[PDB]
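Novice: Got input-v4.cif for you, mmCIF, C-alpha atoms:
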```
data_protein
loop_
_atom_site.group_PDB
_atom_site.id
_atom_site.type_symbol
_atom_site.label_atom_id
_atom_site.label_comp_id
_atom_site.auth_asym_id
_atom_site.auth_seq_id
_atom_site.Cartn_x
_atom_site.Cartn_y
_atom_site.Cartn_z
ATOM 1 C CA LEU H 1 67.321 228.196 1.367
ATOM 2 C CA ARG H 2 70.058 230.167 -0.416
ATOM 3 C CA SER H 3 72.493 227.250 -0.161
ATOM 4 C CA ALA H 4 69.822 224.932 -1.566
ATOM 5 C CA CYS H 5 69.241 227.369 -4.439
ATOM 6 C CA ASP H 6 72.966 227.449 -5.242
ATOM 7 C CA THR H 7 73.115 223.646 -5.118
ATOM 8 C CA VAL H 8 70.132 223.372 -7.468
ATOM 9 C CA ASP H 9 71.751 225.797 -9.910
ATOM 10 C CA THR H 10 75.201 224.199 -9.652
ATOM 11 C CA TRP H 11 74.055 220.659 -10.435
ATOM 12 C CA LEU H 12 71.361 221.597 -12.953
ATOM 13 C CA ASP H 13 73.923 223.614 -14.919
ATOM 14 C CA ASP H 14 76.349 220.689 -14.664
ATOM 15 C CA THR H 15 73.859 218.246 -16.199
ATOM 16 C CA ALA H 16 71.967 220.553 -18.582
ATOM 17 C CA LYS H 17 75.098 221.845 -20.313
ATOM 18 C CA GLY H 18 73.633 225.033 -21.736
ATOM 19 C CA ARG H 19 70.432 223.390 -22.980
ATOM 20 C CA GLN H 20 66.852 224.617 -23.213
ATOM 21 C CA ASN H 21 64.851 221.612 -21.942
ATOM 22 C CA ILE H 22 66.450 218.962 -19.737
ATOM 23 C CA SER H 23 64.618 215.664 -19.415
ATOM 24 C CA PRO H 24 63.071 215.307 -15.928
ATOM 25 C CA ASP H 25 64.641 211.872 -15.438
ATOM 26 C CA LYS H 26 68.059 213.361 -16.282
ATOM 27 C CA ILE H 27 67.750 215.908 -13.453
ATOM 28 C CA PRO H 28 70.309 214.968 -10.760
ATOM 29 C CA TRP H 29 67.752 214.015 -8.114
ATOM 30 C CA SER H 30 70.303 211.930 -6.213
ATOM 31 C CA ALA H 31 72.725 214.861 -6.022
ATOM 32 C CA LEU H 32 70.054 217.324 -4.871
ATOM 33 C CA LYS H 33 68.464 215.024 -2.286
ATOM 34 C CA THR H 34 71.717 213.805 -0.729
ATOM 35 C CA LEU H 35 73.215 217.291 -0.437
ATOM 36 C CA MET H 36 70.025 218.511 1.227
ATOM 37 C CA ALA H 37 69.829 215.337 3.319
ATOM 38 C CA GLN H 38 73.397 215.675 4.625
ATOM 39 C CA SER H 39 74.533 219.300 4.264
ATOM 40 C CA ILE H 40 71.685 221.749 3.510
ATOM 41 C CA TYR H 41 68.945 221.472 6.181
ATOM 42 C CA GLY H 42 70.738 218.287 7.214
ATOM 43 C CA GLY H 43 73.685 219.751 9.078
ATOM 44 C CA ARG H 44 71.400 221.155 11.773
ATOM 45 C CA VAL H 45 69.802 217.792 12.584
ATOM 46 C CA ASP H 46 71.230 215.941 15.595
ATOM 47 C CA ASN H 47 68.395 213.396 15.846
ATOM 48 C CA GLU H 48 68.006 210.271 13.724
ATOM 49 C CA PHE H 49 64.201 210.438 13.727
ATOM 50 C CA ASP H 50 64.292 214.074 12.642
ATOM 51 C CA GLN H 51 66.825 213.000 10.006
ATOM 52 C CA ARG H 52 64.448 210.279 8.802
ATOM 53 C CA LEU H 53 61.644 212.844 8.596
ATOM 54 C CA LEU H 54 63.887 215.132 6.542
ATOM 55 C CA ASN H 55 64.747 212.207 4.254
ATOM 56 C CA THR H 56 61.067 211.304 3.856
ATOM 57 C CA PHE H 57 60.090 214.750 2.553
ATOM 58 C CA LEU H 58 63.097 214.977 0.230
ATOM 59 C CA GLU H 59 62.414 211.520 -1.199
ATOM 60 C CA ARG H 60 58.749 212.374 -1.830
ATOM 61 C CA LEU H 61 59.251 215.836 -3.357
ATOM 62 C CA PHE H 62 62.423 215.511 -5.479
ATOM 63 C CA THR H 63 61.847 212.777 -8.074
ATOM 64 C CA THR H 64 60.858 212.530 -11.722
ATOM 65 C CA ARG H 65 57.237 212.123 -10.561
ATOM 66 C CA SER H 66 57.229 215.794 -9.524
ATOM 67 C CA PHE H 67 57.071 216.676 -13.236
ATOM 68 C CA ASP H 68 54.012 214.480 -13.836
ATOM 69 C CA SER H 69 50.622 216.087 -14.379
ATOM 70 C CA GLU H 70 48.972 214.436 -11.352
ATOM 71 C CA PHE H 71 51.760 214.920 -8.795
ATOM 72 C CA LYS H 72 50.392 215.399 -5.280
ATOM 73 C CA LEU H 73 52.188 217.783 -2.918
ATOM 74 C CA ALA H 74 49.898 216.827 -0.019
ATOM 75 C CA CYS H 75 47.278 214.089 0.301
ATOM 76 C CA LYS H 76 43.881 214.386 2.026
ATOM 77 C CA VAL H 77 44.338 217.643 3.915
ATOM 78 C CA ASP H 78 40.645 217.923 4.858
ATOM 79 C CA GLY H 79 39.858 214.223 4.398
ATOM 80 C CA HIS H 80 38.616 214.622 0.813
ATOM 81 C CA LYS H 81 40.442 217.445 -0.984
ATOM 82 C CA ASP H 82 44.208 217.623 -1.450
ATOM 83 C CA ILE H 83 46.882 219.877 -2.907
ATOM 84 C CA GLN H 84 47.858 219.253 -6.535
ATOM 85 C CA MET H 85 51.165 220.100 -8.163
ATOM 86 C CA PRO H 86 50.747 223.057 -10.551
ATOM 87 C CA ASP H 87 51.335 222.213 -14.210
ATOM 88 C CA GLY H 88 53.525 225.245 -14.815
ATOM 89 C CA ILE H 89 56.665 225.595 -16.915
ATOM 90 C CA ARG H 90 57.365 229.259 -16.071
ATOM 91 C CA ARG H 91 57.949 231.096 -12.806
ATOM 92 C CA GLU H 92 54.877 233.337 -13.089
ATOM 93 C CA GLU H 93 52.620 230.276 -13.316
ATOM 94 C CA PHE H 94 53.945 228.945 -10.001
ATOM 95 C CA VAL H 95 53.575 232.346 -8.320
ATOM 96 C CA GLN H 96 49.972 232.495 -9.539
ATOM 97 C CA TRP H 97 49.376 229.040 -8.047
ATOM 98 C CA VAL H 98 50.777 230.152 -4.682
ATOM 99 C CA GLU H 99 48.567 233.260 -4.657
ATOM 100 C CA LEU H 100 45.504 231.090 -5.372
ATOM 101 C CA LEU H 101 46.067 228.869 -2.336
ATOM 102 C CA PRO H 102 43.139 229.089 0.108
ATOM 103 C CA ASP H 103 43.413 230.697 3.529
ATOM 104 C CA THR H 104 42.344 227.378 5.092
ATOM 105 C CA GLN H 105 45.774 225.986 5.957
ATOM 106 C CA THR H 106 45.766 223.107 8.438
ATOM 107 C CA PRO H 107 48.678 221.101 9.871
ATOM 108 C CA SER H 108 47.638 218.338 7.451
ATOM 109 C CA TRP H 109 49.268 220.514 4.779
ATOM 110 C CA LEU H 110 52.532 219.649 6.550
ATOM 111 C CA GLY H 111 51.759 215.940 6.937
ATOM 112 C CA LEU H 112 50.808 216.462 10.603
ATOM 113 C CA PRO H 113 47.471 215.483 12.154
ATOM 114 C CA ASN H 114 44.875 218.243 12.140
ATOM 115 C CA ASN H 115 44.646 218.143 15.952
ATOM 116 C CA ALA H 116 48.248 219.382 16.236
ATOM 117 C CA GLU H 117 47.033 222.997 16.179
ATOM 118 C CA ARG H 118 44.112 222.507 18.594
ATOM 119 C CA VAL H 119 46.019 223.231 21.808
ATOM 120 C CA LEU H 120 48.186 225.892 20.149
ATOM 121 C CA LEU H 121 45.122 227.706 18.786
ATOM 122 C CA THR H 122 43.250 227.409 22.093
ATOM 123 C CA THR H 123 46.113 228.988 24.046
ATOM 124 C CA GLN H 124 46.386 231.909 21.610
ATOM 125 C CA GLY H 125 42.648 232.552 21.792
ATOM 126 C CA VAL H 126 42.900 232.763 25.572
ATOM 127 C CA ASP H 127 46.060 234.832 25.077
ATOM 128 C CA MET H 128 44.108 237.265 22.884
ATOM 129 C CA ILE H 129 41.454 237.617 25.599
ATOM 130 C CA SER H 130 44.093 238.311 28.253
ATOM 131 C CA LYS H 131 45.813 240.908 26.067
ATOM 132 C CA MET H 132 42.529 242.625 25.191
ATOM 133 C CA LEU H 133 41.477 242.666 28.851
ATOM 134 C CA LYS H 134 44.828 244.076 29.978
ATOM 135 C CA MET H 135 44.576 247.027 27.585
ATOM 136 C CA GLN H 136 41.051 247.820 28.828
ATOM 137 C CA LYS W 1 65.661 186.871 40.924
ATOM 138 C CA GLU W 2 62.353 188.640 41.639
ATOM 139 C CA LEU W 3 63.678 191.728 39.821
ATOM 140 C CA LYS W 4 62.906 190.040 36.487
ATOM 141 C CA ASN W 5 59.247 189.217 37.187
ATOM 142 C CA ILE W 6 58.192 192.660 38.481
ATOM 143 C CA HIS W 7 56.506 195.065 36.079
ATOM 144 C CA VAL W 8 58.295 198.401 35.747
ATOM 145 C CA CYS W 9 56.991 201.902 35.052
ATOM 146 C CA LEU W 10 59.765 203.308 32.862
ATOM 147 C CA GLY W 11 58.663 206.861 33.636
ATOM 148 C CA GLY W 12 59.203 206.331 37.352
ATOM 149 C CA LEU W 13 62.760 205.061 36.931
ATOM 150 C CA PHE W 14 65.473 207.673 37.352
ATOM 151 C CA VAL W 15 67.493 206.287 34.414
ATOM 152 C CA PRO W 16 65.048 204.433 32.120
ATOM 153 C CA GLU W 17 67.708 203.976 29.421
ATOM 154 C CA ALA W 18 69.899 201.946 31.784
ATOM 155 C CA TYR W 19 67.007 199.561 32.492
ATOM 156 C CA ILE W 20 66.704 198.852 28.760
ATOM 157 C CA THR W 21 70.427 198.060 28.609
ATOM 158 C CA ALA W 22 70.242 195.914 31.754
ATOM 159 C CA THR W 23 67.457 193.758 30.306
ATOM 160 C CA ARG W 24 69.464 193.406 27.093
ATOM 161 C CA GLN W 25 72.525 192.451 29.152
ATOM 162 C CA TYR W 26 70.457 190.007 31.231
ATOM 163 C CA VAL W 27 69.237 187.948 28.267
ATOM 164 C CA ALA W 28 72.587 187.837 26.456
ATOM 165 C CA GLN W 29 74.205 186.578 29.665
ATOM 166 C CA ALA W 30 71.973 183.505 29.973
ATOM 167 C CA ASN W 31 72.323 182.633 26.276
ATOM 168 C CA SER W 32 76.055 183.521 26.137
ATOM 169 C CA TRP W 33 75.419 186.090 23.394
ATOM 170 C CA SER W 34 76.590 189.625 22.695
ATOM 171 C CA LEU W 35 74.432 192.694 23.251
ATOM 172 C CA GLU W 36 74.693 193.579 19.554
ATOM 173 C CA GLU W 37 73.306 190.123 18.725
ATOM 174 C CA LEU W 38 69.971 190.866 20.463
ATOM 175 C CA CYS W 39 67.169 192.784 18.767
ATOM 176 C CA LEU W 40 64.245 194.084 20.815
ATOM 177 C CA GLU W 41 60.829 192.627 20.006
ATOM 178 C CA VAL W 42 57.842 194.454 21.486
ATOM 179 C CA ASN W 43 54.514 192.891 22.464
ATOM 180 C CA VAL W 44 51.603 194.929 23.841
ATOM 181 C CA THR W 45 48.984 193.176 25.967
ATOM 182 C CA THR W 46 45.302 194.013 26.306
ATOM 183 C CA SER W 47 45.579 193.788 30.102
ATOM 184 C CA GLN W 48 48.407 193.744 32.618
ATOM 185 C CA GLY W 49 49.466 190.632 34.498
ATOM 186 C CA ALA W 50 50.234 188.217 31.664
ATOM 187 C CA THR W 51 52.561 185.251 31.253
ATOM 188 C CA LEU W 52 56.142 186.521 31.479
ATOM 189 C CA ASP W 53 58.608 184.546 29.376
ATOM 190 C CA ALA W 54 62.201 184.077 30.513
ATOM 191 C CA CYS W 55 63.469 186.490 27.834
ATOM 192 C CA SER W 56 60.615 188.998 28.305
ATOM 193 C CA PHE W 57 60.077 191.997 30.572
ATOM 194 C CA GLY W 58 56.899 193.848 31.517
ATOM 195 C CA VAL W 59 56.795 197.637 31.237
ATOM 196 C CA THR W 60 53.908 199.880 32.302
ATOM 197 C CA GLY W 61 53.107 203.517 31.607
ATOM 198 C CA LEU W 62 54.104 203.690 27.938
ATOM 199 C CA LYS W 63 51.913 206.184 26.069
ATOM 200 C CA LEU W 64 51.395 205.921 22.312
ATOM 201 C CA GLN W 65 51.236 209.338 20.625
ATOM 202 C CA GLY W 66 49.222 209.730 17.430
ATOM 203 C CA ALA W 67 48.322 206.054 16.979
ATOM 204 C CA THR W 68 46.446 203.145 18.538
ATOM 205 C CA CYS W 69 47.809 199.659 19.218
ATOM 206 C CA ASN W 70 45.507 196.710 18.514
ATOM 207 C CA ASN W 71 46.867 193.142 18.475
ATOM 208 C CA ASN W 72 50.422 194.472 18.008
ATOM 209 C CA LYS W 73 49.295 196.301 14.854
ATOM 210 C CA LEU W 74 49.485 200.091 14.899
ATOM 211 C CA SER W 75 46.934 202.217 13.071
ATOM 212 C CA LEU W 76 46.967 205.990 12.734
ATOM 213 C CA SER W 77 44.742 207.793 15.226
ATOM 214 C CA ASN W 78 43.426 211.329 15.596
ATOM 215 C CA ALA W 79 43.760 211.135 19.390
ATOM 216 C CA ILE W 80 46.700 212.638 21.258
ATOM 217 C CA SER W 81 47.856 209.881 23.624
ATOM 218 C CA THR W 82 46.776 206.239 23.778
ATOM 219 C CA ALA W 83 47.707 204.304 26.904
ATOM 220 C CA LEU W 84 49.500 200.994 26.394
ATOM 221 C CA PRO W 85 48.344 198.664 29.205
ATOM 222 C CA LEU W 86 51.395 196.402 29.443
ATOM 223 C CA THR W 87 54.284 196.267 26.973
ATOM 224 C CA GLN W 88 56.429 193.119 26.933
ATOM 225 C CA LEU W 89 60.035 193.884 25.988
ATOM 226 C CA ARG W 90 61.422 190.602 24.650
ATOM 227 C CA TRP W 91 65.069 190.113 23.673
ATOM 228 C CA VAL W 92 65.677 187.523 20.946
ATOM 229 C CA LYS W 93 68.631 186.408 18.864
ATOM 230 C CA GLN W 94 69.002 188.786 15.930
ATOM 231 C CA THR W 95 68.351 187.265 12.501
ATOM 232 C CA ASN W 96 69.218 190.369 10.374
ATOM 233 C CA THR W 97 66.352 189.793 7.915
ATOM 234 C CA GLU W 98 65.867 193.559 7.369
ATOM 235 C CA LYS W 99 62.422 195.144 7.715
ATOM 236 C CA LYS W 100 59.098 193.701 6.522
ATOM 237 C CA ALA W 101 57.764 196.629 4.392
ATOM 238 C CA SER W 102 55.060 197.121 7.065
ATOM 239 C CA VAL W 103 57.262 197.885 10.097
ATOM 240 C CA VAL W 104 57.827 201.325 11.629
ATOM 241 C CA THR W 105 60.546 202.090 14.165
ATOM 242 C CA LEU W 106 59.051 204.377 16.793
ATOM 243 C CA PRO W 107 61.192 206.533 19.082
ATOM 244 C CA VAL W 108 60.425 206.168 22.782
ATOM 245 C CA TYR W 109 60.963 209.481 24.549
ATOM 246 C CA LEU W 110 60.953 210.064 28.289
ATOM 247 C CA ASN W 111 58.267 212.772 28.361
ATOM 248 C CA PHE W 112 56.209 215.016 26.085
ATOM 249 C CA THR W 113 59.132 217.371 25.392
ATOM 250 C CA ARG W 114 60.813 214.575 23.364
ATOM 251 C CA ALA W 115 64.206 215.947 24.419
ATOM 252 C CA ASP W 116 65.553 212.575 25.631
ATOM 253 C CA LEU W 117 65.463 209.332 23.655
ATOM 254 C CA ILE W 118 65.267 206.182 25.780
ATOM 255 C CA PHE W 119 65.122 203.379 23.205
ATOM 256 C CA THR W 120 63.426 202.313 19.977
ATOM 257 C CA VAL W 121 60.522 199.945 19.346
ATOM 258 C CA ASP W 122 59.458 198.173 16.162
ATOM 259 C CA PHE W 123 55.769 197.755 15.363
ATOM 260 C CA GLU W 124 53.943 196.302 12.352
ATOM 261 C CA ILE W 125 51.471 198.758 10.695
ATOM 262 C CA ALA W 126 48.031 197.556 9.458
ATOM 263 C CA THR W 127 45.840 198.056 6.337
ATOM 264 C CA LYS W 128 47.489 200.220 3.640
ATOM 265 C CA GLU W 129 48.866 202.733 6.211
ATOM 266 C CA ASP W 130 52.042 204.228 4.618
ATOM 267 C CA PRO W 131 54.962 203.925 7.135
ATOM 268 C CA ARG W 132 56.058 207.347 5.880
ATOM 269 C CA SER W 133 52.815 208.832 7.221
ATOM 270 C CA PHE W 134 53.804 207.585 10.677
ATOM 271 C CA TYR W 135 57.081 209.473 10.285
ATOM 272 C CA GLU W 136 55.386 212.691 9.141
ATOM 273 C CA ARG W 137 52.725 212.704 11.861
ATOM 274 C CA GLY W 138 55.361 212.401 14.594
ATOM 275 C CA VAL W 139 54.147 209.072 15.949
ATOM 276 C CA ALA W 140 56.155 208.227 19.058
ATOM 277 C CA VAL W 141 55.955 206.584 22.483
ATOM 278 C CA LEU W 142 56.290 208.419 25.797
ATOM 279 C CA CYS W 143 57.568 206.819 28.991
ATOM 280 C CA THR W 144 55.421 209.119 31.152
#
```
In structure tokens, what does this structure look like?
Specialist:
Amino acid sequence: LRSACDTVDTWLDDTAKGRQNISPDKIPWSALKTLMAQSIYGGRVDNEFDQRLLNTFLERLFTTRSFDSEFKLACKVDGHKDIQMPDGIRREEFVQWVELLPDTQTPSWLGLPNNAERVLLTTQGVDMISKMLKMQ
Amino acid sequence: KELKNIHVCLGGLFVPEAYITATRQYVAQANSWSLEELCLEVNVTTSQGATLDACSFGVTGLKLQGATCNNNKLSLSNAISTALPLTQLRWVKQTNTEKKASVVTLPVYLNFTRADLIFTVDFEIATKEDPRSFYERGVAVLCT
């Protein structure tokens, strides 16, 4: 994450040469995506299908469309509702958006099927029973 | 010669990857081609015991994870594993015409741990299913 933050700052400063408002289409999306595809979060990947998955997220999230009003971070999490991109221009607006996220996270937030947590949740529930019983 | 006509459970084989290479080497030998010149076409049958072409091989026990196969057209599924009755692995001369904008390459792992890749299959998706959704949901095929 820190390396990705430095890369974002390095290339944004390179393009926006001391300016107040850089055009979204002038943001170096190719530089940011490739460096994260190959070096940052990419250097750990030793699997082509995991590499393709990493490329898929980077291609979806880092474009000029991310600055549009109706950008969609996730689609159809619960079948009907989905997560919208906040229309913020300042940091505090984004932090407010994060704090207003519901406590109803499902693996569909991650692009996974909602049944991915079924076995994992079931084991923990049995694990909680075993731990409670042991302390009795 | 009867080794070609017998259906094979890839999970049972000790080295399933070598069987994939052997079938690729078998077809290129008859047609005097190179192994790089053969691409793997996959056909899934409703029932086992179907007509086996000269350049085709029957494989049993493949399990589709996160999707269903219907008429060689994958659709996303909310089930965990879908059994593939009989998968025909057919080797054909490569024509390097790229993808088809509705084709997903699915990894075929040996078991549920997905620690060992055996080979890759190409399927055609159906409806408006985004191929990227197949990538994000971890759609794959298991040998056992």
Novice: For this structure, which residues satisfy the selection - the PyMOL selection byres ((chain W) within 6 of (chain H)) - when it is evaluated on the file as given? I want them as a ChimeraX atom specification.
Specialist: /W:135-137
Novice: I want to know what sits within 7 Å of stretch 110-127 of chain W, based on only C-alpha atoms, with residues of the same chain fewer than 3 positions away left out; could you give that as a ChimeraX atom specification?
Specialist: /W:11,16-17,41-42,72-75,102-107,142-144
Novice: Give me the residues near stretch 19-23 of chain H as a compact mmCIF listing (two decimals) with C-alpha atoms, keeping the file's coordinate frame, where near means some atom within 12 Å (using only C-alpha atoms) and where sequence neighbours in that chain fewer than 5 positions away do not count.
Specialist:
```txt
# COMPACT_ATOMS: atom_id res chain seq x y z
CA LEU H 12 71.36 221.60 -12.95
CA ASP H 13 73.92 223.61 -14.92
CA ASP H 14 76.35 220.69 -14.66
CA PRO H 28 70.31 214.97 -10.76
CA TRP H 29 67.75 214.02 -8.11
CA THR H 64 60.86 212.53 -11.72
CA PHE H 67 57.07 216.68 -13.24
CA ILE H 89 56.66 225.60 -16.92
```
Novice: Just the number, please: distance in Å from atom CA of residue H:72 to atom CA of residue H:84, one decimal.
Specialist: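 Atom CA of residue H:72 sits 4.8 Å away from atom CA of residue H:84.
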Novice: For the atom pair atom CA of residue W:36 and atom CA of residue W:24, what is the interatomic distance in Å to one decimal place?
Specialist: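 These atoms are spaced 9.2 Å apart.
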